[PDB]
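Comments concern the structure below.
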6 protein chains.
Amino acid sequence: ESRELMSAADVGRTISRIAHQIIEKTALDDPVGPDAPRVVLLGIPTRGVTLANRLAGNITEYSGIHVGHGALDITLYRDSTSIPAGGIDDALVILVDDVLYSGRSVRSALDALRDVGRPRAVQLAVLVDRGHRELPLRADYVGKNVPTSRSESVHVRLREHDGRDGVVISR
Amino acid sequence: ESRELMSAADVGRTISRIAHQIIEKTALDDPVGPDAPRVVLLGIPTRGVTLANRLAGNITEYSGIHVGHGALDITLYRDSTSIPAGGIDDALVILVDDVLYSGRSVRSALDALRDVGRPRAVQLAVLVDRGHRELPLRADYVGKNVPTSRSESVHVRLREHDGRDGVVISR
Amino acid sequence: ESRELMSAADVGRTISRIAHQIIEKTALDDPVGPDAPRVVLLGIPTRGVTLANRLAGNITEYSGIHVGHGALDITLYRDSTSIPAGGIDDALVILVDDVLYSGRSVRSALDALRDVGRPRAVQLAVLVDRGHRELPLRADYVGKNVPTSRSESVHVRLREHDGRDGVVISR
Amino acid sequence: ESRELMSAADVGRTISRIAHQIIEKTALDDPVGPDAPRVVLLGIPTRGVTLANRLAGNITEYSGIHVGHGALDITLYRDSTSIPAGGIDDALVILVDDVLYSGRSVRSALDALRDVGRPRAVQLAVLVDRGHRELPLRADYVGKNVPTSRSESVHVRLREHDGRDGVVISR
Amino acid sequence: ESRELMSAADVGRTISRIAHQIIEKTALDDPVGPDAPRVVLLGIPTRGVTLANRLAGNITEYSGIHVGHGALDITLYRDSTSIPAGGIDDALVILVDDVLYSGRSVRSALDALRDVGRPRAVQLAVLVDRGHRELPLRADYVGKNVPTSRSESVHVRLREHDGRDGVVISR
Amino acid sequence: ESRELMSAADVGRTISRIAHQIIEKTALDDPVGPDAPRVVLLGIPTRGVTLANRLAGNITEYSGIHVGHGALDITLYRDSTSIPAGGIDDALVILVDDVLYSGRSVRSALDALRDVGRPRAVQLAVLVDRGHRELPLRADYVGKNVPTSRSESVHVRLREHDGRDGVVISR
Ligand SMILES: O=c1[nH]cc(F)c(=O)[nH]1
Ligand SMILES: O=c1[nH]cc(F)c(=O)[nH]1
Ligand SMILES: O=c1[nH]cc(F)c(=O)[nH]1
């Protein structure tokens, strides 16, 4: 059994709001001072990459600033990577995924990240937080908090990846 | 120069509340069973270890449950560990520290923790969150959120370690 | 399904009786002379440790004597150890577990013990003997002899560990 | 001061009774089945070997079944081995010694035994238990329980080994 | 022969005095800082470790301060080590032994200690100074100065080790 | 700024007293022997060497005995050496320095010494002890104990090294 949690319009509005939170919180709009570092969005393959790419698109549309974005493979970090020109050294890296659950993927991403470089800081953006974290990891940007039973599943859908925008829950 | 954020009485009341939050959230009080894992408090040296010991004491006094507690040395995980007998495999491990700052100490603790065993989940408790995180790490239990400038310093004082309970800020 | 072998009151009366047997059999309350060894309780994780801790407490209450007690990790002795101050050399060590079955856990304890020191003697106390030994090992103190089939399971519950006292058998 | 605890006739009656206990308890004359494994008697050198050999003779005389028997050297297991064809894997091994005292020799046999194979279970048979065990080890078959002071000695004599059957105590 | 230098009551009163000297001299009661460093007691195996543990208990009882305490093996430093979590860097380490003689054991401890970390300072506490030093090493805390000949031996007894507290001299 | 702690006459009187203490304590003028080892003074470069040399002269003047004396370089022993004919094996070695402070130089000397030979024993003589030791090292001969703040400096002057005898303190 399945049900719609977010419509295509819902996801659009939320992704847009997330993009503006990012702009607000990083001030990427400003002349990048000493204490205001360049932003890089790295998505967790593969739908996380889709989300990071769209966020990058939105931010460019709203601010005129082109933020670097890529992908961070975590296959070899569980108990192809693509980094923008300029790397991540002393940058603000925003890890991006579609769903935050136990948090174990994000920890893998943190591990993977240090084989790449040394960011000034790392943030996390997700479309959905479905709870039941198993590590003290939290998203800095959350599209929607979706309370779930352990037996339920949350399914994020993005146009470029799955054919439609939407979020569905099933049991 | 210097000023008091928490009195000894403040620290006492706050620690007692955290202990009850832990009891509430883990339900260590009711008969264990399949769905309630044993809880282990691991402190980050040294005041985190002090705080962990006090929390364990408080928890036993309020619930009658003896929680395992120890210390997690993180020296070889930056830039001797003490785990209660029976280990931490499939336990709910709560990392304990006095101050949450950048979060890098907590990350080191997670790394050290992974060379020790495989917990069911890991939570984090701190007396003070002074902001300025550089990782997407957040405490599940927080004594007090203390806004600070980077130039300021937070000094937690615990009786078993410093002769008195209290939290002071300096510049 | 499930059935009760011992009520909480049962467990209390029995643990108290065991405590007094130990005191009687070791004469630990008498003025320790040259030829009368100090008693050390080492529990096998985890409920054996709970049981060892409670017994030590009981012994102090009934005799005023504080016996050293700790835990003996046997994980690397099958397929962190905690030894009280003064160690176990020339001591009378009482291994404590909740259930005696095949006896292999106890034999592992004997192996683990031999990497710790050389006691004068080793005894064994258990809450329940459910039979079916596969080694010539027997307990010196037994809470209750419970005949069981190979298909049954024995579940000991102790207050400090599980919130309640009791022993149940299931099939 | 010397004194006789058991006459030759005593030893004879007692060894014969043990043989029948073994036959009864292992049902070795019945068809070897899942819960009825082949029996192997291994004596501890050297008089234990004599006793194991006698028991095998008696068992054959009473049941017509020839049980495998040999010796288990424990020299390299303290603080020449001879195994019957078919080994001891999944067998019921009965360790045999003349006197059970501290229990340390038997523990050595247990250690020595696992460098030989994996028995289904291990039992222990001794002619005399003189008490004062220093380990939680007990014999499954005991010829005679002989109370002794720490200063007394128990001496087993078997004909094939010493020239007579008998048991003597000295101080 | 043998003779008593200190009674159990003597040892208790003296150990208590040492504990207060340590508290006074380190100002352990005051907040850990530059002029009051964190204290760690490291005992020399084996009775030195027990004594360190006893001192820690006393200090806790008198001051409420829980001092780290452990053991420093000096086997590999002549002609099992246990360090509390957080190590000894910039700590005040107090080496503890039962008897100071030639001073060679203490020097080995000093060597072993720098393979562990870099303390702010190192002090020494002993129950007995038996004279005859062969190095310019002296204890900062001394229980009793006992004049002895080269042919005499001093035997310290601690309850957790020997059942009683006491100091005897023999020839 | 500065003030005089010891006049040239003071230093002369003190150095003379130290020489006689050495003679008294080592009995170097007596017919040597098994339990009376030859004395060797080794100074720490450079003013310590001057003091050792002056002491040797005094001892010779007062006793007629010529003690071997030299220098012990400690440059390679932190964080030209000259050893008298006959070496230091089984000798009584007296390390000599002008000022004893933290004691870290003296420990280096003990380390430097083990690369030279094996003395029967090692003593230490200094003109001034200004306190603030960071190790359990003490001088066996002390010219003068000078209480000082950590912010002060102690300056020893010897004629052969600096043109005059004296001790001055500055802040
Ligand atoms: O049902 C799903 N399968 C795989 C996915 F990645 C997802 O989001 N949802
Ligand atoms: O007196 C004895 N000597 C040797 C033995 F093996 C024994 O059992 N008794
Ligand atoms: O300035 C100084 N030079 C050399 C010294 F030995 C001293 O004490 N002070």
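Identifiers in the structure tokens: chain A, B, ... in order shown; residue index from 1 per chain; ligand index from 1 in order shown.
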
For this session: Residues within 12 Å of ligand 1, counting only C-alpha atoms and all ligand atoms: report them as a PyMOL selection string.
Result: chain A and resi 2+44-48+50+97-101+127-128+152-158+161-162+165-171

Selection above as a file: N, CA, C and O atoms, as a tab-separated table (two decimals), in the first residue's frame:
chain	number	residue	atom	x	y	z
A	2	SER	N	0.51	2.21	-0.88
A	2	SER	CA	1.26	3.45	-1.04
A	2	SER	C	0.36	4.69	-0.94
A	2	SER	O	-0.85	4.60	-1.11
A	44	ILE	N	25.10	12.40	-3.17
A	44	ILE	CA	25.33	10.98	-3.01
A	44	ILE	C	24.59	10.25	-4.13
A	44	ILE	O	23.38	10.41	-4.29
A	45	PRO	N	25.33	9.46	-4.92
A	45	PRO	CA	24.76	8.76	-6.07
A	45	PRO	C	23.58	7.88	-5.68
A	45	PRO	O	23.62	7.23	-4.63
A	46	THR	N	22.53	7.88	-6.50
A	46	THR	CA	22.51	8.70	-7.71
A	46	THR	C	21.46	9.80	-7.62
A	46	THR	O	21.66	10.90	-8.15
A	47	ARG	N	20.34	9.52	-6.95
A	47	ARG	CA	19.26	10.50	-6.87
A	47	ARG	C	19.68	11.72	-6.05
A	47	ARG	O	19.18	12.82	-6.27
A	48	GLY	N	20.63	11.52	-5.14
A	48	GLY	CA	21.19	12.61	-4.36
A	48	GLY	C	21.93	13.57	-5.25
A	48	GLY	O	21.94	14.78	-5.02
A	50	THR	N	21.14	14.01	-8.44
A	50	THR	CA	20.04	14.68	-9.12
A	50	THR	C	19.54	15.87	-8.30
A	50	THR	O	19.27	16.95	-8.84
A	97	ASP	N	21.54	14.45	-0.27
A	97	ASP	CA	20.91	13.16	-0.50
A	97	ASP	C	19.41	13.33	-0.57
A	97	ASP	O	18.88	14.37	-0.18
A	98	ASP	N	18.71	12.34	-1.09
A	98	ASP	CA	17.27	12.45	-1.22
A	98	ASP	C	16.59	12.16	0.12
A	98	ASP	O	15.70	12.89	0.54
A	99	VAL	N	17.05	11.11	0.81
A	99	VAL	CA	16.46	10.72	2.08
A	99	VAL	C	17.47	10.47	3.21
A	99	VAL	O	18.44	9.73	3.03
A	100	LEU	N	17.23	11.08	4.36
A	100	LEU	CA	18.02	10.79	5.55
A	100	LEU	C	17.28	9.80	6.44
A	100	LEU	O	16.15	10.03	6.85
A	101	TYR	N	17.94	8.68	6.72
A	101	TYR	CA	17.34	7.59	7.47
A	101	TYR	C	18.19	7.26	8.70
A	101	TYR	O	18.13	7.97	9.70
A	127	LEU	N	15.98	16.03	0.96
A	127	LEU	CA	14.59	16.36	0.67
A	127	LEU	C	13.71	15.87	1.83
A	127	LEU	O	12.81	16.58	2.29
A	128	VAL	N	14.01	14.68	2.32
A	128	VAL	CA	13.19	14.04	3.34
A	128	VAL	C	14.03	13.48	4.49
A	128	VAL	O	15.03	12.80	4.26
A	152	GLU	N	7.66	0.96	7.35
A	152	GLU	CA	7.29	1.80	6.22
A	152	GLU	C	8.51	2.17	5.37
A	152	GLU	O	9.64	2.10	5.84
A	153	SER	N	8.27	2.54	4.12
A	153	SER	CA	9.33	3.00	3.25
A	153	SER	C	8.99	4.35	2.62
A	153	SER	O	7.83	4.60	2.29
A	154	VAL	N	9.99	5.20	2.48
A	154	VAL	CA	9.81	6.50	1.84
A	154	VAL	C	10.51	6.53	0.49
A	154	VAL	O	11.70	6.23	0.39
A	155	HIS	N	9.78	6.91	-0.54
A	155	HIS	CA	10.31	6.89	-1.89
A	155	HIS	C	10.33	8.27	-2.52
A	155	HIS	O	9.29	8.82	-2.86
A	156	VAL	N	11.53	8.83	-2.70
A	156	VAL	CA	11.66	10.12	-3.37
A	156	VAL	C	11.77	9.94	-4.89
A	156	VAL	O	12.54	9.11	-5.37
A	157	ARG	N	11.00	10.74	-5.63
A	157	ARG	CA	11.03	10.73	-7.10
A	157	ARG	C	11.38	12.12	-7.68
A	157	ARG	O	10.71	13.11	-7.39
A	158	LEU	N	12.42	12.17	-8.51
A	158	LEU	CA	12.81	13.41	-9.21
A	158	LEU	C	12.73	13.20	-10.73
A	158	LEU	O	13.07	12.13	-11.23
A	161	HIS	N	15.46	11.74	-12.90
A	161	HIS	CA	15.95	10.46	-12.41
A	161	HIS	C	14.89	9.38	-12.56
A	161	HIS	O	15.20	8.24	-12.92
A	162	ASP	N	13.64	9.74	-12.29
A	162	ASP	CA	12.59	8.74	-12.20
A	162	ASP	C	11.40	9.01	-13.11
A	162	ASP	O	10.53	8.15	-13.26
A	165	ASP	N	8.42	14.35	-10.40
A	165	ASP	CA	8.72	14.82	-9.05
A	165	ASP	C	7.59	14.39	-8.12
A	165	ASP	O	6.41	14.52	-8.45
A	166	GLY	N	7.97	13.89	-6.95
A	166	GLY	CA	6.98	13.50	-5.97
A	166	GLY	C	7.63	12.69	-4.87
A	166	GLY	O	8.76	12.22	-5.02
A	167	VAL	N	6.92	12.55	-3.75
A	167	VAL	CA	7.39	11.72	-2.65
A	167	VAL	C	6.26	10.81	-2.21
A	167	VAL	O	5.15	11.27	-1.93
A	168	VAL	N	6.55	9.52	-2.17
A	168	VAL	CA	5.55	8.52	-1.82
A	168	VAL	C	5.97	7.70	-0.61
A	168	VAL	O	7.16	7.44	-0.41
A	169	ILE	N	5.00	7.31	0.20
A	169	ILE	CA	5.24	6.43	1.33
A	169	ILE	C	4.47	5.13	1.14
A	169	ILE	O	3.36	5.13	0.62
A	170	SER	N	5.09	4.02	1.52
A	170	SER	CA	4.49	2.70	1.36
A	170	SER	C	4.69	1.83	2.60
A	170	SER	O	5.55	2.12	3.43
A	171	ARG	N	3.88	0.78	2.73
A	171	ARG	CA	4.04	-0.17	3.83
A	171	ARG	C	3.73	-1.58	3.36
A	171	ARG	O	4.07	-1.97	2.24

For this session: Find the spatial neighbours of range 139-147 of chain E, counting only C-alpha atoms, within a cut-off of 7 Å - ignore same-chain residues fewer than 4 positions away - and output them as a ChimeraX atom specification.
Result: /E:14-15,18,123-131 /F:136

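Across the model, the gap from CA of residue 160 in chain F to CA of residue 51 in chain F is 9.3 Å.
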
Exercise. Which residue gives the smallest distance to residue 88 in chain F among F:64, F:119, F:57, F:70, with only C-alpha atoms counted?
Worked result: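 Nearest candidate to residue 88 in chain F out of F:64, F:119, F:57, F:70: F:119.
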
For this session: Could you list, as an MDAnalysis selection string, the residues of chain A having an atom within 6 Å of chain B when counting only C-alpha atoms?
Result: chainID A and resid 121:123 134:138

Pick out the residues sitting within 12 Å of residue 116 in chain B, and hand them over as a short mmCIF file (atom, residue, chain, number, x, y, z; two decimals) with C-alpha atoms, in the first residue's frame; count only C-alpha atoms, and ignore anything fewer than 2 positions along from it in its own chain.
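Printed below is out_2.cif as written:
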data_model
loop_
_atom_site.label_atom_id
_atom_site.label_comp_id
_atom_site.auth_asym_id
_atom_site.auth_seq_id
_atom_site.Cartn_x
_atom_site.Cartn_y
_atom_site.Cartn_z
CA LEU B 42 30.99 6.32 26.83
CA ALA B 71 35.75 6.04 28.39
CA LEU B 72 36.67 6.30 24.76
CA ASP B 73 40.20 7.49 24.05
CA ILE B 74 40.30 9.49 20.83
CA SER B 80 43.84 3.39 26.82
CA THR B 81 40.12 3.03 26.03
CA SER B 82 37.76 1.56 28.63
CA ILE B 83 34.75 -0.42 27.49
CA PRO B 84 32.60 -2.21 30.04
CA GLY B 86 30.52 -7.56 27.34
CA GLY B 87 31.43 -4.78 24.93
CA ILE B 88 29.14 -2.52 22.93
CA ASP B 89 28.00 -4.82 20.10
CA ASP B 90 24.32 -4.21 19.36
CA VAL B 93 25.91 3.70 22.84
CA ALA B 109 34.90 9.39 18.93
CA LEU B 110 32.77 7.78 16.23
CA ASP B 111 35.97 6.62 14.50
CA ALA B 112 37.50 5.25 17.70
CA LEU B 113 34.13 3.66 18.47
CA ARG B 114 34.21 1.74 15.21
CA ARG B 118 29.36 -2.45 16.33
CA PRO B 119 26.64 -0.67 18.34
CA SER C 80 37.19 -5.38 28.18
#

Exercise. Quick one, how far is CA of residue 36 in chain A from CA of residue 22 in chain A?
Worked result: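 One can read the CA of residue 36 in chain A to CA of residue 22 in chain A distance as 13.0 Å.
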
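Across the model, the gap from CA of residue 11 in chain F to CA of residue 55 in chain F is 11.8 Å.
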
Problem set entry | Those in chain C with helix (DSSP H, G or I) from DSSP, as a VMD selection string | chain C and resid 8 to 26 47 to 63 75 to 77 104 to 114 159 to 162

Problem set entry | Near-residue 65 in chain E list (9 Å; only C-alpha atoms; drop same-chain fewer than 2 positions) as a list in words |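 So, after excluding close chain neighbours, the residues are residues 159, 160, 161, 162 and 163 of chain B; 28, 29, 56, 59, 60, 61, 62, 63 and 67 of chain E.
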
May I have the selected residues written with N, CA and C atoms, as a short mmCIF file (atom, residue, chain, number, x, y, z; two decimals), in the first residue's frame?
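Saved file out-v3.cif follows:
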data_model
loop_
_atom_site.label_atom_id
_atom_site.label_comp_id
_atom_site.auth_asym_id
_atom_site.auth_seq_id
_atom_site.Cartn_x
_atom_site.Cartn_y
_atom_site.Cartn_z
N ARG B 159 32.36 18.79 39.75
CA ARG B 159 32.84 18.57 41.11
C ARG B 159 33.92 17.48 41.22
N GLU B 160 33.70 16.32 40.61
CA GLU B 160 34.66 15.22 40.71
C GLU B 160 35.98 15.53 40.01
N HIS B 161 35.97 16.56 39.17
CA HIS B 161 37.14 16.92 38.36
C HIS B 161 37.75 18.26 38.79
N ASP B 162 36.90 19.21 39.16
CA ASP B 162 37.34 20.58 39.40
C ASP B 162 37.03 21.10 40.81
N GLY B 163 36.30 20.33 41.60
CA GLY B 163 36.04 20.75 42.96
C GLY B 163 34.70 21.44 43.09
N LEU E 28 44.39 19.77 44.29
CA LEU E 28 43.43 19.03 43.47
C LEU E 28 42.01 19.53 43.61
N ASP E 29 41.76 20.21 44.72
CA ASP E 29 40.44 20.70 45.07
C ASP E 29 40.03 21.85 44.17
N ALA E 56 43.90 6.89 45.48
CA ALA E 56 42.82 7.45 44.69
C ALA E 56 41.51 7.40 45.48
N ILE E 59 41.73 10.01 48.27
CA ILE E 59 41.62 11.35 47.71
C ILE E 59 40.17 11.67 47.36
N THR E 60 39.47 10.68 46.81
CA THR E 60 38.07 10.85 46.45
C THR E 60 37.24 11.06 47.70
N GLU E 61 37.52 10.28 48.74
CA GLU E 61 36.80 10.38 50.01
C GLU E 61 37.01 11.72 50.70
N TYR E 62 38.22 12.26 50.61
CA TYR E 62 38.57 13.49 51.33
C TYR E 62 38.29 14.76 50.54
N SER E 63 38.33 14.65 49.21
CA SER E 63 38.26 15.84 48.37
C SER E 63 37.10 15.81 47.40
N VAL E 67 40.67 11.08 40.85
CA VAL E 67 41.92 11.13 40.10
C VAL E 67 42.08 9.89 39.25
#

For this session: Apply DSSP to the structure's backbone, then extract all residues of range 80-134 of chain D labelled strand (DSSP E) and return them as a ChimeraX atom specification.
Result: /D:92-100,121-129
